[PDB]
């Protein structure tokens, strides 16, 4: 006898293929959804086993009903904690960071503040990979800084590695690199 183990939330995995030729929204595809521990690992292990990372090919895991874009009702007033990797952290750090990020989400690692979490995004870029946790209200200093503190600790980043929280509204009018931060941790 084998019972499945429900997650607190249902999650959706999205794929994105970079192409500045086409409008941004056109490059997004919903892969599948899951709401159990078993189904999470089945999907995670399948991607690790049968797929290869590719520059310009992003994955996003968001709560059911939240599209992984600024436009979404649940993201428009929100923002993200951004982790920027060096080019050499691609190997033997990116995979660890991403899985640890996924587990923060589905395990609701931020306690009552996990409610403010929308999802997470990994960008694979030759310029340097990026991982981010998106939250729903960029002005909720309490929730945002708590999520940031726990997230940084969970990833084991050295204290002198300062990570920043960007409002999506600011990002939309500049760039994730030149976008100034609302908070640091």
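Rigid core (definition): largest C-alpha set, two forms, superposition within 1.5 Å. Positions refer to the first chain, counted from 1.
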Core-fitted, the stretch whose Cα atoms sit farther from this form in 7 other deposited structures of this protein, 98-106 versus 83-91, is 83-91
Do you reckon 5-13 or 21-29 strays further from the shown form in 7 other deposited structures of this protein, measuring C-alpha RMS after a core fit?
21-29
Among the other compared PDB entries, is residue 176 dropped in a third or more?
yes
May I ask you to compare 142-150 and 55-63 by their mean CA B factor in the entry and name the higher one?
55-63
For the C-alpha atoms alone, is the average B factor greater in 155-163 or in 129-137, going by the entry?
155-163
Quiz for you: based on the deposited Cα B-factor, which of 80, 74, 96, 87 is highest?
87
By the CA temperature factor listed in this entry, which of these ranks top: 123, 32, 50, 36?
50
Third of the chain's Cα B-factor distribution that residue 10 belongs to, per the entry
lowest
Would you check the entry's CA temperature factor for residue 101 and let me know if it's in the chain's lowest, middle or highest third?
lowest
What third of its chain, lowest, middle or highest, does the C-alpha temperature factor of residue 114 fall into?
middle
